[PDB]
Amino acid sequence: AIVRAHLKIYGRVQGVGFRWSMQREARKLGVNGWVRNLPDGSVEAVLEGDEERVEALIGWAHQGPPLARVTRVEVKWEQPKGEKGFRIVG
C-alpha cells in the first residue's frame, strides 16, 4: 500500500550529512518527499511511497550517516499528498 510518514528525528543529527545521505537513500529506494533542519537541533522529514520502501527509509533514519547519533524518532502517518522527488528544503 502507499503511505506517508512524517518524521522528527533527534540526537546528534545536524552538521553530519544527514539530509544529503537521506536524500541519496530515498532516491535509491524510490521514496519521495523532503527533509530539513529545525532550529531546535532536530531533523524533520516527509517520506512517501510504497510501505516497504518507506519503512526501509524510516529504519535507516534511526542509524543515519556514520557520524549521526540518533536517540529517538517520532512518526505521524498521513494521507499521501503526491510528493515528487526527494528534496532538501531547509
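All residue numbers are counted from 1 along the displayed sequence.
The mean Cα B-factor in the deposited entry runs higher for 24 to 32 than for the other of 55 to 63 and 24 to 32.
Among all modelled residues in this chain, the alpha-carbon of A5 has a temperature factor (C-alpha) in the lowest third.
Ranked by C-alpha B-factor against the other modelled residues of its chain, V73 falls in the lowest third. In this PDB entry, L38 carries a Cα temperature factor that places it within the highest third of its chain's modelled residues.
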